[PDB]
Amino acid sequence: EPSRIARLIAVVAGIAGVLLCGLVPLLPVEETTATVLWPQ
Amino acid sequence: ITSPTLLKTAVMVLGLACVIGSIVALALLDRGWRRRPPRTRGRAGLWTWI
Numbered sequence: 003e004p005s006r007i008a009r010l011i012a013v014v015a016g017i018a019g020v021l022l023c024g025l026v027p028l029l030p031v032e033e034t035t036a037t038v039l040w041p042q
Numbered sequence: 191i192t193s194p195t196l197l198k199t200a201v202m203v204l205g206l207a208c209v210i211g212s213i214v215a216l217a218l219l220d221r222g223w224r225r226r227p228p229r230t231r232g233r234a235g236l237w238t239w240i
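Just so you know, the sequences run in chain order C and X. Once you know that position 26 of the first sequence is 28 in UniProt numbering, the rest is easy, because the numbers rise by one and skip nothing. Once you know that position 26 of the second sequence is 216 in UniProt numbering, the rest is easy, because the numbers rise by one and skip nothing.
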């Protein structure tokens, strides 16, 4: 029966859907830099 | 003016797929305790269309 399988999928994808979203604000991005020089 | 890297995009996609997977698993789990309705009252009337 598709019961003992869904019962563990709803957990291993419900906890790994919180632990994988809790570290999104911390992952690295790439930032652009700007610099004005003088004289030119 | 940041821009997401490849690791951040991969994590953001693979952690958003897991939410839908878990909700689908819950929907499949709800097939046992669902309280089936008599399935009547399937019309609207006249003074609701007006």
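For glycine and all other residues, C-beta sits at the position ideal for the given N, C-alpha and C.
Interface with chain X (8 Å Cβ-Cβ cutoff): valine 26 (chain C) is included. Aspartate 220 (chain X) and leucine 28 (chain C) have their alpha carbons spaced roughly 35 Å apart. Beta-bridge partners of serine 193 (chain X) (DSSP): C:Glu32. Assignment of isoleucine 240 (chain X) by DSSP, reduced to helix, strand and coil, places it in the coil class. Chain-order list of chain X residues neighbouring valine 31 (chain C): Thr192, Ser193, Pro194, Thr195 and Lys198, by C-beta distance under 9 Å.
For the pair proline 41 (chain C) and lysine 198 (chain X), the CB atoms are not nearer than the 8 Å cut-off.
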